[PDB]
*Asks:* 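First the structure, which I've put down as structure tokens, then a few questions once you've had a look.
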Amino acid sequence: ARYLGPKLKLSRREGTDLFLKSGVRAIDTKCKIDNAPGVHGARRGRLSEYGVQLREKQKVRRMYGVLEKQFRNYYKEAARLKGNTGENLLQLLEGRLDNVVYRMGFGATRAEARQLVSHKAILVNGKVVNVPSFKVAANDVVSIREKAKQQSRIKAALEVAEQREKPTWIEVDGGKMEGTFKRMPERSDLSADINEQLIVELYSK
Amino acid sequence: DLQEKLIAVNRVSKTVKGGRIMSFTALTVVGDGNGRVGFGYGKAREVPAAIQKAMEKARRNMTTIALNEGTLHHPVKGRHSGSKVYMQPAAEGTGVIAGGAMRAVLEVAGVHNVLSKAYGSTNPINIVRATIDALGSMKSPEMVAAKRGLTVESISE
Amino acid sequence: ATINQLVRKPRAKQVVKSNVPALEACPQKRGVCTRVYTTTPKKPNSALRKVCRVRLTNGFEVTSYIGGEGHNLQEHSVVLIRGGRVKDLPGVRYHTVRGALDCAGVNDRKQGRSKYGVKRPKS
Amino acid sequence: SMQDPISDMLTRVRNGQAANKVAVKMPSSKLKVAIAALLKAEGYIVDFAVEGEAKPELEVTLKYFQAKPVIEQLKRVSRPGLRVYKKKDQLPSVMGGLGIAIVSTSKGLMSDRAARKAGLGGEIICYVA
Amino acid sequence: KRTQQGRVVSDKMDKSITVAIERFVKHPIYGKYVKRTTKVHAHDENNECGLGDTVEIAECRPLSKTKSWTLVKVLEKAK
Amino acid sequence: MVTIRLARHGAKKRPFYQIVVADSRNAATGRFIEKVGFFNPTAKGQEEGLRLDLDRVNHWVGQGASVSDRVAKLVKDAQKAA
RNA sequence: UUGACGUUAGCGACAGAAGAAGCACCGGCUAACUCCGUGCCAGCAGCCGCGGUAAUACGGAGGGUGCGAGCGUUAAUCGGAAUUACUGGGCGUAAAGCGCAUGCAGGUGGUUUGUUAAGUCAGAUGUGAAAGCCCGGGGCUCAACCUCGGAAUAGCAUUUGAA
RNA sequence: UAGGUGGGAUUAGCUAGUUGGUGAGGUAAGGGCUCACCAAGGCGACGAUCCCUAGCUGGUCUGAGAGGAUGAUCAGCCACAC
Ligand SMILES: CN[C@@H]1[C@H](O)[C@H](NC)[C@H]2O[C@@]3(O)C(=O)C[C@@H](C)O[C@H]3O[C@@H]2[C@H]1O
């Protein structure tokens, strides 16, 4: 499965922007972002520690568009891996191909990114990969098949990604429409809004 | 600074010839996220006033605890009333693996990575006292070397 | 206890008991309704609670609850029972699985339908 | 009967420190003196002294620092009723390495640190912290 | 020459010592070290040994239903 | 008799053979005396197609171990590898 | 000349969003609340309980939450349970000191020299199947899966030392 | 051969080819394996005997661990074939 339903609703619950639309219009102009979804949206108060943790976990899932079974596996790998379970989990999510074609700017959202990947638009080291969740490694070259180099959604998304801050761990030639995952991002590189700690804590609870 | 958490609110009762005077207890914990932590227990007939009283009490009763840059220097045990707490240093990334009350104390104290368990009574008021008993019992390697008239090296060598 | 005491006689594992002894560690069990009656709860509670005495395949006679509003169970109905105390009813340790063998889905239920055996409304 | 002189030594020290006694005397023995030597080396006591030839007495001078007793913990481990021997890779760390565990190895009586460095295990006497 | 020492604990059989061998074992659970005892019918050709003697026995071929040990050496005779 | 033969492991449609010394009477995938090599008939990239410890092969042949036809051909291939 | 699988995997080309979303829950525990219907009835319920007229607990609806080709229920094991406590509990009054004693077996046992090396400790050798688990890799588009090397198998036997 | 491998003491005695000896027979092979004869041994509170349950192991599940639970699939061993 992939969650197919209304996007901004998610952002409203999480009380933030998850970037589930391209940032051409501000999330606030497209939705009442500061109210939660539904008829009790303007009534927010005490959330439990459990709820607080839960939300944070969902924030990160919904950003990267991963369902729970997969997400829990990522946590299990992040734990197994040496060092900081919280950081490992983020670098696991950041290493996904659907995220990596978004970070490079081939897709305007992480969901367009995923369609690109699924629909066999993307090469990794010159081989066609159509698994979203494939783990792009260091020094891997994510490219676009010559077929898809003419898709105007791609050209669009490159200029959409000009409007954002650049990833300093990804290099992209948007003219040749190829990017290099130079290296895995550090914790410092990513959003500091994410409290990975809470998600680790959730998966002990 | 001073981060202030509310561990518990509880409705208590004095029976009287009329009927029952119902009041509110608030258990709060305050600290600077870097070694100081205090608890305060406040009572009032309204909840906000109890929390307030607790917060004020908390601030006055704060105490230095020797932390190892967001964890413990060594394992500790605390006891108060029937509440027993064990806490253990952990690697970074672990998070506060403590249960209720104990996790509030550790948050504001500035512990980010610990393994805990609470045996016995898990009554908040007693857990908090045990937790700060234990955090009080912690010594830095330097303090332990100072006391034994040795050097941090020799202590560990 | 002293070690030497424990060496002499080690600490004893505790015999647990099943609340659903008739199931004989099976997820469900088929039985035939011998009596389909109503009973009044233990008090604080007040109702007429639909139950059936059931003879199971393993030869146990047990009393099962019949949950949801309305049922089609006469005496001689072949029902499937699962575990589940009814707190109110002392004696009742099993539920009749609605929507399975001779027991029918609760009529015109629309939330928690799977729990009551009702198929999805043709929309 | 007194069937564990070592535990008696430790109790006497622990109770002395609790009562803010300057020194504690007890009937001496080899192993008591050996323990006292290690405790001096590790800085938990001030000094010891064995007086008497007929019935030798041991006098541990206790140590305080900032008017708290230096020894917090003095737990006997290998009791007579349950001996405890650990291999080198299984030696107890005490107070996260900041306390000692007095091991008795076949090359004498040493801290768990020194035992690990020596790649000896032995009998665990007590934890000092 | 993997022999085992023990103590005669019966001698009433002709040419046979029951010998009690004693092992000191850590308890699997409770950690305490514990005397445990193997009895082992050995063969005594000459009826040398007597109830109480400390003998050294060695494993051999089956000499009866229950005897597959043999007396090597008497170590210490009884009082 | 003792035989040197292929023991199919791997997955459905993706056979991976262990070369084993075994009593012939066993099932090919059961009780074996010694694993002396392996044969990946569908090896790609860096994954070795044939490891075979020829010294151990010779050891066993000298003790009257048979070789299966397949292992007999892989022995040739391991000798053209030497 | 030898392929059961086999119309094989893998690749292309077409045409079109086209053929493809449920299930449980929303009183507290426990993430998510309202309105109607009902009126200790009907019903709910793991526990505490809920229902006798403004029911966030019943039934429906709207809305929401969780999970998703699944979702729930039941059964079952361990966990939480330090609630059989070796690690790691207790026994004045909460359950718990035999009414008191003597005492065999057992358990334990003062100081000291020497010796022994059974316990203990260290090392070597043999063994502890393969698979599995774990760590590094390698191969399947990824993953599951397959696979190479290591670690592990906390043991046991023999042996050499320490004391 | 030794050690390990469920539960029950509201199951405490059990055994008389039984335990050992001698000789003979018997077996691929030691051996009460069998028989004759001699002796009265043997086992048992470190639980014999009896009763209930049960194929064992590598493992598997759970557990921070120590443990607890378990023994499908795969592999080793055992037993069985109305
Ligand atoms: C005889 N007069 C009594 C007497 O003053 C009681 N105090 C001792 C007083 O006590 C009250 O004030 C209370 O608090 C209890 C209430 C039932 O009666 C109240 O009125 C109570 C008065 O009725």
Side-chain angles (χ1 to χ4, degrees), chain A residues 1 4 36-40 47-48 50-51 54-55 67-68 97 124 127-135, chain B residues 84 115 119-120, chain C residues 1 3-4 6 8 10-14 20 23 25-28 44-48 67-69 82-84 86-88 95 97 109-112 114-115 120, chain D residues 1-5 27 29-30 80-81 83 85 87-88 105-107 119-123, chain E residues 2 12-16 22 24 29-31 33-38 40-41 59 61-69, chain F residues 9-11 13-14 16 29-32 35 38 40 43-48 51:
Chain A
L4 293 177
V39 289
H40 310 288
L47 300 184
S48 51
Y50 166 63
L54 171 65
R55 279 304 101 196
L67 293 199
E68 187 62 17
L97 180 55
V124 177
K127 305 189 178 186
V128 186
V129 188
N130 76 301
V131 173
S133 55
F134 169 107
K135 302 168 195 167
Chain B
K84 311 162 189 184
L115 296 159
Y119 307 98
Chain C
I3 296 101
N4 197 59
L6 291 176
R8 283 172 182 183
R11 293 209 184 251
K13 276 89 67 60
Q14 301 298 87
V20 285
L23 290 184
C26 301
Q28 298 89 18
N45 278 342
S46 194
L48 280 172
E69 291 165 37
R82 63 176 174 69
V86 181
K87 170 69 179 60
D88 281 2
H95 280 240
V97 180
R109 201 201 179 65
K110 283 199 171 181
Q111 313 180 19
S114 75
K115 297 186 168 183
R120 191 178 173 245
Chain D
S1 190
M2 181 189 299
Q3 294 180 7
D4 189 4
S29 71
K30 285 184 307 175
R83 304 281 178 186
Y85 309 108
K87 297 184 180 172
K88 63 188 188 160
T105 70
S106 69
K107 298 167 207 171
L120 294 182
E123 181 166 353
Chain E
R2 48 174 297 167
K12 295 180 183 176
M13 288 172 293
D14 183 44
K15 304 187 185 188
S16 325
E22 189 185 290
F24 203 53
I29 313 171
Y30 291 130
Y33 289 80
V34 169
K35 296 171 189 183
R36 289 190 189 173
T37 301
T38 311
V40 263
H41 295 269
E59 191 187 357
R61 69 194 186 68
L63 309 166
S64 73
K65 194 175 175 180
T66 66
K67 294 164 59 176
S68 308
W69 285 83
Chain F
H9 299 92
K13 294 292 190 201
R14 297 157 200 175
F16 180 95
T29 51
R31 180 170 163 189
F32 68 90
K35 179 193 167 195
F38 67 77
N40 188 327
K44 295 171 180 183
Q46 316 187 25
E47 98 186 308
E48 189 175 356
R51 197 148 70 207

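Only this structure's heavy atoms are used, side chains among them; waters, hydrogens and symmetry mates stay out. So you know, we letter chains A, B, ... as the sequences are listed, proteins then strands, and number each from 1.
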*Asks:* One character per nucleotide, please: for nucleotides 56-77 of chain H, 5' to 3', B when the base has a protein heavy atom closer than 4.0 Å, S when only the sugar-phosphate does, - otherwise.
*Replies:* -------------S-----SSS
*Asks:* Where does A54(G) land, syn or anti, given syn is within 90° of 0?
*Replies:*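 The base of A54(G) is oriented syn (glycosidic angle within 90° of 0).
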*Asks:* Quick one: which protein N/O atoms are closer than 3.5 Å to N/O atoms of nucleotides 90-93 of chain G? Pair and distance per line, please.
*Replies:*
| from | atom 1 | to | atom 2 | distance (Å) |
| --- | --- | --- | --- | --- |
| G90(G) | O6 | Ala1(C) | N | 3.3 |

*Asks:* From the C1'-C2'-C3'-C4' angle alone, say whether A57(G) leans north (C3'-endo side) or south (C2'-endo side).
*Replies:*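 Pucker flag: south.
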*Asks:* Looking at the angle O4'-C1'-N9-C4 for a purine or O4'-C1'-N1-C2 for a pyrimidine, is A66(H) syn or anti, with syn meaning within 90° of 0?
*Replies:*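 Anti, angle beyond 90° from zero.
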*Asks:* Counting only distance, no hydrogens or angles, is the base of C142(G) paired donor-acceptor with the side chain of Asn130(A) under 3.5 Å?
*Replies:*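 Absent.
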*Asks:* Can you tell me whether the base of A81(G) sits syn or anti, using the 90° cut around 0 to define syn?
*Replies:*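 Syn, since the glycosidic angle lies within 90° of 0.
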*Asks:* Enter the distance from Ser133(A):OG to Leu97(A):CG here, rounded to the nearest 0.5 Å.
*Replies:*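 If we round to the nearest 0.5 Å, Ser133(A):OG and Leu97(A):CG are 9.0 Å apart.
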*Asks:* Let me have a per-nucleotide readout for nucleotides 52-63 of chain G, 5' to 3', with B, S or -, counting only protein heavy atoms under 4.0 Å.
*Replies:* -------SSBBS
*Asks:* For each nucleotide in nucleotides 102-112 of chain G, reading 5' to 3', give B when a protein heavy atom comes within less than 4.0 Å of its base, S when such contact involves only the sugar-phosphate, and - otherwise.
*Replies:* ----BSBSSSS
*Asks:* I'd like to know if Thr37(E) reaches the base of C46(H) with its side chain, counting only an N/O donor and acceptor under 3.5 Å.
*Replies:*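 Present.
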*Asks:* Quick one: which protein N/O atoms are closer than 3.5 Å to N/O atoms of nucleotides 159-162 of chain G? Pair and distance per line, please.
*Replies:*
| from | atom 1 | to | atom 2 | distance (Å) |
| --- | --- | --- | --- | --- |
| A162(G) | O2' | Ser106(D) | O | 3.3 |
| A162(G) | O2' | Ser106(D) | OG | 2.9 |
| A162(G) | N3 | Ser106(D) | OG | 3.1 |

*Asks:* Hey, is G32(H) sitting syn or anti, using the within-90° cutoff around 0?
*Replies:*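 Syn, angle within 90° of zero.
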*Asks:* Starting at the 5' end of nucleotides 30-42 of chain H, put B wherever the base has a protein heavy atom under 4.0 Å, S where only the sugar-phosphate does, and a dash everywhere else.
*Replies:* BS-S-------SS
*Asks:* Is there a Watson-Crick or G-U wobble pair formed by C98(G) and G132(G), both distances less than 3.5 Å?
*Replies:*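 No; nothing between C98(G) and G132(G) satisfies the definition, which requires both distances under 3.5 Å.
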